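For reference, query05.cif (mmCIF, C-alpha atoms):
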```cif
data_protein
loop_
_atom_site.group_PDB
_atom_site.id
_atom_site.type_symbol
_atom_site.label_atom_id
_atom_site.label_comp_id
_atom_site.auth_asym_id
_atom_site.auth_seq_id
_atom_site.Cartn_x
_atom_site.Cartn_y
_atom_site.Cartn_z
ATOM 1 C CA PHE A 3 104.094 88.558 143.302
ATOM 2 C CA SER A 4 104.090 86.905 146.691
ATOM 3 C CA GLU A 5 106.290 83.934 147.563
ATOM 4 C CA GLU A 6 103.549 81.875 149.187
ATOM 5 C CA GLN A 7 101.731 80.661 146.082
ATOM 6 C CA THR A 8 105.209 79.670 144.970
ATOM 7 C CA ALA A 9 103.875 76.320 146.210
ATOM 8 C CA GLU A 10 100.872 76.462 143.858
ATOM 9 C CA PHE A 11 103.152 77.705 141.096
ATOM 10 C CA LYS A 12 105.573 74.805 141.537
ATOM 11 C CA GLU A 13 102.568 72.469 141.692
ATOM 12 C CA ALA A 14 100.966 73.450 138.396
ATOM 13 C CA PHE A 15 104.472 73.982 137.020
ATOM 14 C CA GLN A 16 105.203 70.281 137.513
ATOM 15 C CA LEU A 17 101.608 69.627 136.381
ATOM 16 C CA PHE A 18 102.515 70.358 132.743
ATOM 17 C CA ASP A 19 105.988 68.857 133.107
ATOM 18 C CA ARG A 20 107.125 66.350 130.498
ATOM 19 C CA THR A 21 110.869 66.000 131.122
ATOM 20 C CA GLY A 22 110.048 65.014 134.697
ATOM 21 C CA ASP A 23 112.958 66.791 136.344
ATOM 22 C CA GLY A 24 111.429 69.696 138.280
ATOM 23 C CA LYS A 25 112.020 71.538 134.996
ATOM 24 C CA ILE A 26 109.142 72.414 132.686
ATOM 25 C CA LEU A 27 109.033 73.484 129.053
ATOM 26 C CA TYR A 28 108.433 77.184 128.584
ATOM 27 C CA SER A 29 105.260 76.810 126.523
ATOM 28 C CA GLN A 30 104.290 74.221 129.110
ATOM 29 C CA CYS A 31 105.098 76.348 132.150
ATOM 30 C CA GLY A 32 103.252 79.025 130.202
ATOM 31 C CA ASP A 33 100.036 77.054 129.921
ATOM 32 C CA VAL A 34 100.832 76.405 133.585
ATOM 33 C CA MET A 35 100.828 80.079 134.530
ATOM 34 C CA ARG A 36 97.674 80.218 132.435
ATOM 35 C CA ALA A 37 95.804 77.615 134.469
ATOM 36 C CA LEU A 38 97.174 79.145 137.691
ATOM 37 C CA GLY A 39 94.320 81.648 137.740
ATOM 38 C CA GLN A 40 95.327 83.518 134.588
ATOM 39 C CA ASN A 41 94.201 83.698 130.966
ATOM 40 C CA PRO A 42 97.257 84.531 128.806
ATOM 41 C CA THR A 43 97.576 83.932 125.070
ATOM 42 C CA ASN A 44 100.241 81.425 124.045
ATOM 43 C CA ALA A 45 102.105 84.480 122.699
ATOM 44 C CA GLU A 46 102.410 86.174 126.076
ATOM 45 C CA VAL A 47 102.520 82.690 127.619
ATOM 46 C CA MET A 48 105.909 82.437 125.923
ATOM 47 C CA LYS A 49 107.105 86.041 126.143
ATOM 48 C CA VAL A 50 106.636 86.382 129.925
ATOM 49 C CA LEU A 51 109.418 83.814 130.388
ATOM 50 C CA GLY A 52 112.364 86.077 129.679
ATOM 51 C CA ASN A 53 111.409 85.620 126.002
ATOM 52 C CA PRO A 54 112.407 81.996 125.366
ATOM 53 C CA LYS A 55 112.794 80.991 121.752
ATOM 54 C CA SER A 56 110.575 78.181 120.485
ATOM 55 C CA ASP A 57 113.543 75.906 121.160
ATOM 56 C CA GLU A 58 113.824 77.239 124.709
ATOM 57 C CA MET A 59 110.014 77.306 124.723
ATOM 58 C CA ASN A 60 109.743 73.528 124.403
ATOM 59 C CA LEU A 61 113.288 72.174 124.833
ATOM 60 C CA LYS A 62 115.066 74.179 127.529
ATOM 61 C CA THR A 63 112.689 73.533 130.382
ATOM 62 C CA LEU A 64 112.122 76.023 133.174
ATOM 63 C CA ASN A 65 113.973 75.666 136.395
ATOM 64 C CA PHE A 66 111.409 76.566 139.028
ATOM 65 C CA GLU A 67 113.846 79.155 140.394
ATOM 66 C CA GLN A 68 113.258 81.072 137.158
ATOM 67 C CA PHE A 69 109.570 80.144 137.253
ATOM 68 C CA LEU A 70 109.384 82.633 140.116
ATOM 69 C CA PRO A 71 110.282 85.315 137.556
ATOM 70 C CA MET A 72 107.691 83.719 135.277
ATOM 71 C CA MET A 73 104.937 83.788 137.862
ATOM 72 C CA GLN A 74 105.752 87.480 138.315
ATOM 73 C CA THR A 75 105.590 88.100 134.576
ATOM 74 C CA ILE A 76 102.328 86.183 134.106
ATOM 75 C CA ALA A 77 100.561 87.630 137.151
ATOM 76 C CA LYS A 78 100.405 90.867 135.149
ATOM 77 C CA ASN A 79 97.473 89.517 133.132
ATOM 78 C CA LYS A 80 95.722 87.198 135.635
ATOM 79 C CA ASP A 81 92.723 87.422 133.284
ATOM 80 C CA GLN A 82 91.686 88.976 129.973
ATOM 81 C CA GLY A 83 89.580 91.839 128.674
ATOM 82 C CA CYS A 84 86.575 93.496 130.301
ATOM 83 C CA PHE A 85 83.268 91.759 129.637
ATOM 84 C CA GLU A 86 81.437 95.062 129.280
ATOM 85 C CA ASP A 87 84.087 96.074 126.772
ATOM 86 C CA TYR A 88 83.717 92.533 125.445
ATOM 87 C CA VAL A 89 79.991 93.001 124.913
ATOM 88 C CA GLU A 90 80.157 96.553 123.601
ATOM 89 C CA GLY A 91 83.083 95.761 121.300
ATOM 90 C CA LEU A 92 81.575 92.555 119.967
ATOM 91 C CA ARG A 93 78.307 94.445 119.537
ATOM 92 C CA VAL A 94 79.934 97.258 117.571
ATOM 93 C CA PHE A 95 82.016 94.579 115.831
ATOM 94 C CA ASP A 96 78.914 92.595 115.002
ATOM 95 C CA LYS A 97 77.286 94.417 112.138
ATOM 96 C CA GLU A 98 74.094 95.060 114.147
ATOM 97 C CA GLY A 99 74.968 94.873 117.839
ATOM 98 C CA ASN A 100 72.298 92.268 118.519
ATOM 99 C CA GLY A 101 73.989 90.261 121.276
ATOM 100 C CA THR A 102 75.852 87.531 119.406
ATOM 101 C CA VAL A 103 78.446 87.226 116.644
ATOM 102 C CA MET A 104 78.522 84.767 113.761
ATOM 103 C CA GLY A 105 80.364 81.600 114.704
ATOM 104 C CA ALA A 106 81.678 82.270 111.271
ATOM 105 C CA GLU A 107 82.589 85.850 112.148
ATOM 106 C CA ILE A 108 83.406 85.213 115.803
ATOM 107 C CA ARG A 109 85.732 82.307 115.031
ATOM 108 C CA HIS A 110 86.972 84.694 112.339
ATOM 109 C CA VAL A 111 87.886 87.615 114.610
ATOM 110 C CA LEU A 112 89.252 84.993 116.993
ATOM 111 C CA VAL A 113 91.535 83.669 114.229
ATOM 112 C CA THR A 114 91.702 86.973 112.300
ATOM 113 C CA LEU A 115 92.302 89.368 115.185
ATOM 114 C CA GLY A 116 95.093 89.329 117.769
ATOM 115 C CA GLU A 117 97.048 86.117 118.078
ATOM 116 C CA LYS A 118 95.717 83.871 115.336
ATOM 117 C CA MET A 119 94.539 80.983 117.478
ATOM 118 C CA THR A 120 94.467 77.464 116.214
ATOM 119 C CA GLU A 121 90.953 76.938 114.924
ATOM 120 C CA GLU A 122 90.711 74.169 117.486
ATOM 121 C CA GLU A 123 91.528 76.895 120.011
ATOM 122 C CA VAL A 124 88.847 79.246 118.702
ATOM 123 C CA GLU A 125 86.563 76.207 118.541
ATOM 124 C CA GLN A 126 86.996 74.741 122.018
ATOM 125 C CA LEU A 127 86.471 78.423 122.622
ATOM 126 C CA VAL A 128 83.410 78.683 120.387
ATOM 127 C CA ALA A 129 82.271 75.065 120.487
ATOM 128 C CA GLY A 130 81.618 74.154 124.078
ATOM 129 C CA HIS A 131 80.405 77.754 124.317
ATOM 130 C CA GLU A 132 78.283 77.825 121.155
ATOM 131 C CA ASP A 133 74.647 78.544 120.842
ATOM 132 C CA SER A 134 73.571 76.262 118.015
ATOM 133 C CA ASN A 135 72.698 79.193 115.756
ATOM 134 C CA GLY A 136 75.888 79.796 113.784
ATOM 135 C CA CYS A 137 75.963 83.324 115.216
ATOM 136 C CA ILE A 138 77.837 82.034 118.243
ATOM 137 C CA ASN A 139 76.865 84.068 121.278
ATOM 138 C CA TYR A 140 80.102 85.774 122.274
ATOM 139 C CA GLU A 141 78.364 86.649 125.516
ATOM 140 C CA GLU A 142 78.026 83.032 126.668
ATOM 141 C CA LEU A 143 81.101 82.212 124.579
ATOM 142 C CA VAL A 144 83.486 84.797 126.045
ATOM 143 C CA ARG A 145 82.113 84.366 129.557
ATOM 144 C CA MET A 146 82.351 80.579 129.848
ATOM 145 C CA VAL A 147 85.782 80.829 128.280
ATOM 146 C CA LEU A 148 86.489 83.454 130.947
ATOM 147 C CA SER A 149 85.454 81.228 133.842
ATOM 148 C CA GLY A 150 86.691 78.000 132.256
ATOM 149 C CA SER B 2 71.763 106.007 91.331
ATOM 150 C CA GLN B 3 73.899 103.278 92.876
ATOM 151 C CA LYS B 4 73.986 100.724 90.108
ATOM 152 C CA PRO B 5 77.408 99.329 89.180
ATOM 153 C CA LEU B 6 75.499 96.707 87.214
ATOM 154 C CA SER B 7 73.785 99.398 85.136
ATOM 155 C CA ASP B 8 76.201 101.611 83.252
ATOM 156 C CA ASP B 9 73.051 103.701 83.052
ATOM 157 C CA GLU B 10 73.898 104.246 86.721
ATOM 158 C CA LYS B 11 77.450 102.920 87.062
ATOM 159 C CA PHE B 12 78.856 106.410 86.683
ATOM 160 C CA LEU B 13 76.036 106.983 89.150
ATOM 161 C CA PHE B 14 77.042 103.967 91.240
ATOM 162 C CA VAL B 15 78.940 104.577 94.469
ATOM 163 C CA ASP B 16 81.971 102.284 94.454
ATOM 164 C CA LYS B 17 83.585 102.246 97.888
ATOM 165 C CA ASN B 18 84.168 99.927 100.827
ATOM 166 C CA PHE B 19 80.768 99.613 102.479
ATOM 167 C CA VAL B 20 81.419 98.388 106.003
ATOM 168 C CA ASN B 21 79.650 101.235 107.869
ATOM 169 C CA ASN B 22 80.117 99.001 110.913
ATOM 170 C CA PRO B 23 82.220 99.689 113.986
ATOM 171 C CA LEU B 24 85.081 97.736 112.563
ATOM 172 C CA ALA B 25 87.299 99.358 109.951
ATOM 173 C CA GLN B 26 90.644 98.542 111.502
ATOM 174 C CA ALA B 27 89.890 95.231 109.900
ATOM 175 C CA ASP B 28 89.882 96.631 106.334
ATOM 176 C CA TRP B 29 92.118 99.613 107.098
ATOM 177 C CA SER B 30 94.266 101.259 109.761
ATOM 178 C CA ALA B 31 93.839 104.147 112.176
ATOM 179 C CA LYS B 32 96.643 105.576 110.069
ATOM 180 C CA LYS B 33 94.950 108.022 107.774
ATOM 181 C CA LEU B 34 94.648 106.759 104.194
ATOM 182 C CA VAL B 35 94.527 109.400 101.508
ATOM 183 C CA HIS B 42 95.674 115.442 92.663
ATOM 184 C CA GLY B 43 98.679 113.272 92.571
ATOM 185 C CA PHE B 44 97.364 111.749 95.763
ATOM 186 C CA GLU B 45 98.568 108.600 97.429
ATOM 187 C CA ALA B 46 96.093 106.704 99.555
ATOM 188 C CA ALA B 47 98.515 106.589 102.401
ATOM 189 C CA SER B 48 97.538 105.289 105.802
ATOM 190 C CA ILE B 49 99.686 107.509 107.962
ATOM 191 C CA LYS B 50 102.649 105.213 108.556
ATOM 192 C CA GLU B 51 105.168 107.570 110.149
ATOM 193 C CA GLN C 704 87.260 121.962 87.982
ATOM 194 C CA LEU C 705 85.757 121.558 91.435
ATOM 195 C CA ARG C 706 87.370 124.851 92.412
ATOM 196 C CA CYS C 707 86.476 125.942 88.881
ATOM 197 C CA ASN C 708 82.905 124.978 89.727
ATOM 198 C CA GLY C 709 83.586 126.094 93.293
ATOM 199 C CA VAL C 710 82.917 122.465 94.215
ATOM 200 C CA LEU C 711 86.243 122.217 95.984
ATOM 201 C CA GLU C 712 84.972 125.377 97.636
ATOM 202 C CA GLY C 713 81.517 123.807 98.007
ATOM 203 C CA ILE C 714 83.166 120.858 99.759
ATOM 204 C CA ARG C 715 85.173 123.166 102.013
ATOM 205 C CA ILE C 716 81.823 124.909 102.488
ATOM 206 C CA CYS C 717 80.047 121.799 103.657
ATOM 207 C CA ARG C 718 83.139 121.727 105.874
ATOM 208 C CA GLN C 719 82.713 125.472 106.444
ATOM 209 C CA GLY C 720 79.378 124.223 107.711
ATOM 210 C CA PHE C 721 78.543 120.783 109.062
ATOM 211 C CA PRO C 722 80.276 118.609 106.475
ATOM 212 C CA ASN C 723 79.519 115.218 107.960
ATOM 213 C CA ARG C 724 76.616 114.020 110.082
ATOM 214 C CA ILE C 725 77.008 110.906 112.243
ATOM 215 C CA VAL C 726 73.490 109.534 112.487
ATOM 216 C CA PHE C 727 72.114 108.980 115.976
ATOM 217 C CA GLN C 728 72.002 105.206 115.611
ATOM 218 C CA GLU C 729 75.199 105.539 113.606
ATOM 219 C CA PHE C 730 76.597 107.277 116.673
ATOM 220 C CA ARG C 731 75.274 104.471 118.855
ATOM 221 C CA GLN C 732 76.874 101.727 116.803
ATOM 222 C CA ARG C 733 80.048 103.745 116.366
ATOM 223 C CA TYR C 734 80.368 104.857 119.957
ATOM 224 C CA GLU C 735 78.903 102.236 122.219
ATOM 225 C CA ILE C 736 82.450 100.927 122.065
ATOM 226 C CA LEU C 737 83.578 104.559 122.158
ATOM 227 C CA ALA C 738 82.662 105.778 125.616
ATOM 228 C CA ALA C 739 79.048 104.843 126.067
ATOM 229 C CA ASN C 740 79.565 102.214 128.780
ATOM 230 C CA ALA C 741 75.944 102.312 129.929
ATOM 231 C CA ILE C 742 74.711 102.781 126.396
ATOM 232 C CA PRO C 743 74.921 99.592 124.299
ATOM 233 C CA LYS C 744 74.721 100.224 120.584
ATOM 234 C CA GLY C 745 71.211 100.289 119.272
ATOM 235 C CA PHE C 746 70.344 102.025 122.535
ATOM 236 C CA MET C 747 66.947 103.545 123.188
ATOM 237 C CA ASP C 748 67.435 107.323 123.350
ATOM 238 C CA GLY C 749 68.279 108.907 120.001
ATOM 239 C CA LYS C 750 69.651 111.971 121.721
ATOM 240 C CA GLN C 751 70.588 110.761 125.199
ATOM 241 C CA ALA C 752 72.209 107.536 124.035
#
```

This structure in structure tokens:
Amino acid sequence: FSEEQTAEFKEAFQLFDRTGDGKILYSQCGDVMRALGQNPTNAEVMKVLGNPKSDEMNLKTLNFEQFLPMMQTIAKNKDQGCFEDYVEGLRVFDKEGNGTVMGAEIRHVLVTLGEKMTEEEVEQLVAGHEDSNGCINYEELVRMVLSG
Amino acid sequence: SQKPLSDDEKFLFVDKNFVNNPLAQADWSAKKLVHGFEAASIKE
Amino acid sequence: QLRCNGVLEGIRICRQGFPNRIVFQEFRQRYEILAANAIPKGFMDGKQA
């Protein structure tokens, strides 16, 4: 992964810095490599970093020299699942395939499938992307979470 | 007929997971569940 | 007793025939996600979907 957006990577790297030493927490540099044009789960957000433990994740910060390995290991995702597979799979998931999924059931399979997101995570996902119906439209939902 | 509530049709009832939806690796696994028979999602 | 009624055999025989039958719209639900890709579930064409 090219060494020219190393500048952008250092930028956003220091963007979610807290120690303030050119060295950024691994969960923090992970949300960094997220908002660098990627969409990784906090799980892979951590694992891409040479697998830092939760201590290393938020205590041993990342020296930017090893953030160049991290930008490599995050640039594998760069985004998440296909939106046609999104729609067909959340249609077949939804018990009818109508076009939306219960905010109940969508927040469910967002906290009951894959990495169990914080319900604030599946909400800032779902809320802010809700249709006020309770069957939160995963189409609008997934897509504005995809762009945002 | 399918009446668990009526023992007049409970033996006639059909007790089973009714999901019939394209999601059953949310109540089960791809691993194939199963005389002396052991409902065994195929683990290895 | 199924074998004794041939019902184990009758089950094998449904198998010896067409044992199951995935309904068209059942197939559409089940297999929009499974390789339809231009055919969303609840699609229009019973056969062609």

Requested in this report: Would you list the contacts of stretch 40-54 of chain A as number ranges by chain, taking every protein, DNA or RNA residue within 9 Å and counting only C-alpha atoms, but skipping same-chain residues closer than 5 positions in sequence?
Outcome: A: 28-35, 59-60, 62, 64, 68-69, 71-82, 117, 119, 148

- request: Tell me the residues of chain C close to chain A, meaning within 7 Å using only C-alpha atoms, as a list in words.
  value: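 Every residue meeting the condition is included here: residues 732, 733, 735, 736, 743, 744 and 745 of chain C.
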
Item to complete: Return the single residue from B:16, B:4, B:35, B:21 that is closest to chain C, with distances computed using only C-alpha atoms.
Response: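 Among B:16, B:4, B:35, B:21, it is B:21 that comes nearest to chain C.
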
Exercise: residue A:23 partners within 10 Å, only C-alpha atoms, chain neighbours under 3 positions left out, as a ChimeraX atom specification: /A:16,19-20,26,63-65

Convert the output of the PyMOL selection byres ((chain B) within 12 of (chain C)) on the shown file into explicit residues, formatted as an mmCIF file with C-alpha atoms, in the coordinates of the input.
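part14.cif written:
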```cif
data_model
loop_
_atom_site.group_PDB
_atom_site.id
_atom_site.type_symbol
_atom_site.label_atom_id
_atom_site.label_comp_id
_atom_site.auth_asym_id
_atom_site.auth_seq_id
_atom_site.Cartn_x
_atom_site.Cartn_y
_atom_site.Cartn_z
ATOM 1 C CA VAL B 20 81.419 98.388 106.003
ATOM 2 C CA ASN B 21 79.650 101.235 107.869
ATOM 3 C CA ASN B 22 80.117 99.001 110.913
ATOM 4 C CA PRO B 23 82.220 99.689 113.986
ATOM 5 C CA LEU B 24 85.081 97.736 112.563
ATOM 6 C CA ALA B 25 87.299 99.358 109.951
ATOM 7 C CA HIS B 42 95.674 115.442 92.663
#
```

| field | Selection dump of the PyMOL selection byres ((chain B and resi 49) around 10), as a PyMOL selection string | value | chain B and resi 30-35+46-48+50-51

Include C-alpha atoms and write out the residues we just selected as a compact mmCIF listing (two decimals), in the frame of the given file.
```
# COMPACT_ATOMS: atom_id res chain seq x y z
CA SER B 30 94.27 101.26 109.76
CA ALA B 31 93.84 104.15 112.18
CA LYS B 32 96.64 105.58 110.07
CA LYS B 33 94.95 108.02 107.77
CA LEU B 34 94.65 106.76 104.19
CA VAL B 35 94.53 109.40 101.51
CA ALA B 46 96.09 106.70 99.56
CA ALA B 47 98.52 106.59 102.40
CA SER B 48 97.54 105.29 105.80
CA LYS B 50 102.65 105.21 108.56
CA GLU B 51 105.17 107.57 110.15
```

Hey, can I get the axis-aligned box for stretch 709-715 of chain C? All listed atoms, 5 Å padding on each side, centre and edge lengths in Å to one decimal, as lines of an AutoDock Vina configuration file.
```
center_x = 83.9
center_y = 123.5
center_z = 97.7
size_x = 14.7
size_y = 15.2
size_z = 18.7
```

So the first atom is atom CA of residue A:138 and the second is atom CA of residue A:125; what is the distance between them in Å, to one decimal place?
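Computed distance, atom CA of residue A:138 to atom CA of residue A:125, equals 10.5 Å.
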
* Asked: Care to translate the PyMOL selection byres ((chain B and resi 13) around 7) into actual residues of this file, as a list in words?
  ->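 That expression, the PyMOL selection byres ((chain B and resi 13) around 7), corresponds here to residues 2, 3, 4, 10, 11, 12, 14 and 15 of chain B.
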
Just give me the gap between atom CA of residue A:111 and atom CA of residue A:56 in Å, one decimal is fine.
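For atom CA of residue A:111 relative to atom CA of residue A:56, the distance reads 25.3 Å.
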
For stretch 12-33 of chain B, which lacks atoms in the input, supply N, CA and C atoms and format the output as a PDB file, in the coordinates of the input.
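The result, stored in out18.pdb:
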```pdb
ATOM      1  N   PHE B  12      78.335 105.085  86.393  1.00  0.00           N
ATOM      2  CA  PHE B  12      78.856 106.410  86.683  1.00  0.00           C
ATOM      3  C   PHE B  12      78.093 107.057  87.819  1.00  0.00           C
ATOM      4  N   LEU B  13      76.851 106.635  88.009  1.00  0.00           N
ATOM      5  CA  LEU B  13      76.036 106.983  89.150  1.00  0.00           C
ATOM      6  C   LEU B  13      76.244 106.074  90.347  1.00  0.00           C
ATOM      7  N   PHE B  14      76.739 104.859  90.137  1.00  0.00           N
ATOM      8  CA  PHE B  14      77.042 103.967  91.240  1.00  0.00           C
ATOM      9  C   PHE B  14      78.003 104.648  92.212  1.00  0.00           C
ATOM     10  N   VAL B  15      78.026 104.130  93.433  1.00  0.00           N
ATOM     11  CA  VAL B  15      78.940 104.577  94.469  1.00  0.00           C
ATOM     12  C   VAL B  15      79.813 103.395  94.857  1.00  0.00           C
ATOM     13  N   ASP B  16      80.960 103.294  94.204  1.00  0.00           N
ATOM     14  CA  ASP B  16      81.971 102.284  94.454  1.00  0.00           C
ATOM     15  C   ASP B  16      82.846 102.742  95.604  1.00  0.00           C
ATOM     16  N   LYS B  17      82.833 101.959  96.676  1.00  0.00           N
ATOM     17  CA  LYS B  17      83.585 102.246  97.888  1.00  0.00           C
ATOM     18  C   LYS B  17      83.430 101.073  98.837  1.00  0.00           C
ATOM     19  N   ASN B  18      84.352 100.920  99.780  1.00  0.00           N
ATOM     20  CA  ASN B  18      84.168  99.927 100.827  1.00  0.00           C
ATOM     21  C   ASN B  18      82.938 100.303 101.639  1.00  0.00           C
ATOM     22  N   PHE B  19      81.939  99.435 101.638  1.00  0.00           N
ATOM     23  CA  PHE B  19      80.768  99.613 102.479  1.00  0.00           C
ATOM     24  C   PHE B  19      80.882  98.666 103.664  1.00  0.00           C
ATOM     25  N   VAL B  20      81.444  99.156 104.766  1.00  0.00           N
ATOM     26  CA  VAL B  20      81.419  98.388 106.003  1.00  0.00           C
ATOM     27  C   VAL B  20      80.451  99.077 106.956  1.00  0.00           C
ATOM     28  N   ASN B  21      80.580 100.401 107.101  1.00  0.00           N
ATOM     29  CA  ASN B  21      79.650 101.235 107.869  1.00  0.00           C
ATOM     30  C   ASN B  21      79.322 100.608 109.224  1.00  0.00           C
ATOM     31  N   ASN B  22      80.236  99.765 109.688  1.00  0.00           N
ATOM     32  CA  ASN B  22      80.117  99.001 110.913  1.00  0.00           C
ATOM     33  C   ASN B  22      81.262  99.442 111.800  1.00  0.00           C
ATOM     34  N   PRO B  23      81.073  99.464 113.111  1.00  0.00           N
ATOM     35  CA  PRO B  23      82.220  99.689 113.986  1.00  0.00           C
ATOM     36  C   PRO B  23      83.178  98.515 113.911  1.00  0.00           C
ATOM     37  N   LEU B  24      83.800  98.393 112.742  1.00  0.00           N
ATOM     38  CA  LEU B  24      85.081  97.736 112.563  1.00  0.00           C
ATOM     39  C   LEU B  24      85.609  98.140 111.194  1.00  0.00           C
ATOM     40  N   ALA B  25      86.625  98.988 111.188  1.00  0.00           N
ATOM     41  CA  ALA B  25      87.299  99.358 109.951  1.00  0.00           C
ATOM     42  C   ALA B  25      88.805  99.385 110.157  1.00  0.00           C
ATOM     43  N   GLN B  26      89.291  99.048 111.348  1.00  0.00           N
ATOM     44  CA  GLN B  26      90.644  98.542 111.502  1.00  0.00           C
ATOM     45  C   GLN B  26      90.579  97.019 111.427  1.00  0.00           C
ATOM     46  N   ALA B  27      89.837  96.594 110.408  1.00  0.00           N
ATOM     47  CA  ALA B  27      89.890  95.231 109.900  1.00  0.00           C
ATOM     48  C   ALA B  27      89.868  95.261 108.378  1.00  0.00           C
ATOM     49  N   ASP B  28      89.736  96.441 107.770  1.00  0.00           N
ATOM     50  CA  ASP B  28      89.882  96.631 106.334  1.00  0.00           C
ATOM     51  C   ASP B  28      90.762  97.849 106.084  1.00  0.00           C
ATOM     52  N   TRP B  29      91.370  98.365 107.151  1.00  0.00           N
ATOM     53  CA  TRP B  29      92.118  99.613 107.098  1.00  0.00           C
ATOM     54  C   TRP B  29      92.795  99.829 108.445  1.00  0.00           C
ATOM     55  N   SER B  30      93.563 100.909 108.537  1.00  0.00           N
ATOM     56  CA  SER B  30      94.266 101.259 109.761  1.00  0.00           C
ATOM     57  C   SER B  30      93.816 102.616 110.292  1.00  0.00           C
ATOM     58  N   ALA B  31      93.980 102.809 111.606  1.00  0.00           N
ATOM     59  CA  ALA B  31      93.839 104.147 112.176  1.00  0.00           C
ATOM     60  C   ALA B  31      94.654 105.161 111.397  1.00  0.00           C
ATOM     61  N   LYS B  32      95.780 104.724 110.858  1.00  0.00           N
ATOM     62  CA  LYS B  32      96.643 105.576 110.069  1.00  0.00           C
ATOM     63  C   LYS B  32      95.903 106.058 108.828  1.00  0.00           C
ATOM     64  N   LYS B  33      95.920 107.370 108.636  1.00  0.00           N
ATOM     65  CA  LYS B  33      94.950 108.022 107.774  1.00  0.00           C
ATOM     66  C   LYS B  33      95.305 107.878 106.299  1.00  0.00           C
TER      67      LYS B  33
END
```
